[PDB]
Structures are given as C-alpha cells and as structure tokens.
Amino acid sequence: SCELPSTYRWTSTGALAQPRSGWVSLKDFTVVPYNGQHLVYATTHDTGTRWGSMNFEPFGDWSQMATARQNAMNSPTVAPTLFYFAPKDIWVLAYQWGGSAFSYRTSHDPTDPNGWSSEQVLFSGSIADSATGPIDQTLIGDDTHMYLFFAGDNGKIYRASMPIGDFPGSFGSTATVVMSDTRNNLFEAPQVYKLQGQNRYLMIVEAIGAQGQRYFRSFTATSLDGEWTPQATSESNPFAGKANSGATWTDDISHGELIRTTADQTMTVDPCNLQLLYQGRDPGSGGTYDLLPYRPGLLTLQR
C-alpha cells in the first residue's frame, strides 16, 4: 500500500463533457465501476430555474465521457450518491430535495435512469444556522454499520448511523456533529472513503477560499465512528485545489467523487491510484450561482 502524501500534486484533464442542449451545467458527480465501464450520475441545471439529474450511458474510458448519451431523469435525484448495497443485493441512489431532508431509491439495474423505485426517506432531521438545510449526503458502511455524513453550508459536518442490517431505511431525525469550523472552511460536498490496503478512512470536504475559489480539504480516521484528523487542510496546502491541481481551464475544484475500486457500500479507493472526478468552471464565468457553467474534469495523483 501507498501512504497518503502530506503534499498532494495532481495533473488534470480539461473539461470531459459539455452539457447537452437545454442544460447549463453538469455537477455533483457520483461514479461507480460497472461491468468494466464507468457509470456516472450527476446533477443538472437547465437554462431557467430547474435543478435535475441525469446519468451518462456507461462508457469505457474517460475520452468517451464526451460522447456518452446523456439521459435525463424524469424525477430528479439532486447531488446523488450511487452504490451497490451488497448485503441485500440492491443498488441505492441517495439524494436531496425530495420530500424529506434526504431520500433514496433502489434498483436492480442502475444503468436505467428511470428504473428506480419510489422515493423513500433517508433522513428527516433539520439543522441550525443553515441557509440550505442538510445538503450533499454521502453514505459508507463498515462491517457492522451504515453511516450517513452530510453538510449544511454552515461550517459543520454531521454523521448519523444505523446497524447495517437495518439499511436501506431512514437514519432518523438526529445526527452528531463530527467537525466544525468557519462556514467557508467546511462548506459542503463531503465524501468518505475506505483506503485499500490500510486501516484508514479518508474524508474530503469542499471549502471556499479567499477569493471564492472552491477547493477540497482532507481528513482521516481509523474508524467511521471515531474522530477525524486534518490531513491537508488549507487553501495553499489542500487535498485538491488551484494550488496543486495542474488545471488552468478551471480555478474551482468542486463537488465530485474519487474513483472507486468497487461499487459497493464500503466506498473503497486505491491510495496508489487516486483520481478525483470533480466539477470545474471557466475562471471568466460568473453571475448567479445556479447558472454557473460547471463541467466534469478528472485529477490523477502524481506518485
């Protein structure tokens, strides 16, 4: 195995796909391996006010993301988390802005954008001092428990848990704060992973830098119910950001996901081959947040 570096150095692609006509952005990627291909769901925004979601047809290599058919979902699953819940042999798509704080649906065929079950409650809690409410869930399981982590655009990261045999189901209405900082330092888009070959878990969180540029900070833990330790936690020393991305097509390195070695709920990633599918936007872009022209990019860690 390969230890996480204390200084990350990446190289980047440019934008890997453009939104199909009618959408201004592709955002908040979730991605699994599927039958030897990449299966990606994403948030969309249209040219008016509508948040939506989509998947890409499975594609074999990252050059094929640009040509993969983009399939709209009839019922949106904004800021989605996709995984295979192996203990009950069912796929799960979790998301926000349905009927409760967080929702999920299930399927046996995650390539079908419109093949998901009816909406179920994932979380029904509220949080304090948040303009948005709970946002950007991520889920991960260990041997005995499933965990829900989320943010609130408020400087806090929250955790709920349930015995793994009780999942899929609702985590209830309460959560535990596991980290807090100034609003901009722990802002949104948390993602939690288990590192292959190591007794260690990795959390990355999106932050807002001094001039508004998005970047990620990282933290580690040795158990998912334990405490989190800063691993790379500033704009000049980030997990991934303009300081170290190798990207100039974007300054932002924002809401996305690490490439995983498995689709299942363990969220396992290979520390020897870390890659981040992120959302970025042209540095000249501006105006109202919801219309910003985000697109996917991929970072590959140098070792």
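Numbering starts at 1 and runs along the sequence shown.
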Averaging the C-alpha temperature factors as deposited, the higher value of 67-75 versus 186-194 falls on 67-75
Between 213-221 and 129-137, which has the higher average C-alpha B-factor in the PDB entry?
129-137
Have a look at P238, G246, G256, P271 and flag the one whose Cα has the highest B-factor in the entry.
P271
Which one of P80, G152, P230, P113 shows the biggest C-alpha B-factor in the PDB entry?
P113
Rank-wise, by C-alpha B-factor, drop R105 into the lowest, middle or highest third of its chain.
lowest
Taking only the Cα B-factors deposited for this chain, tell me whether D46 sits in the lowest, middle or highest third.
highest
B-factor third for the C-alpha atom of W62 within its chain
middle
Quick check on the deposited entry: does the C-alpha B-factor of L148 sit in the lowest, middle or highest third of its chain?
lowest
Going by the CA temperature factor in the PDB record, which third of the chain does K27 belong to: lowest, middle or highest?
lowest
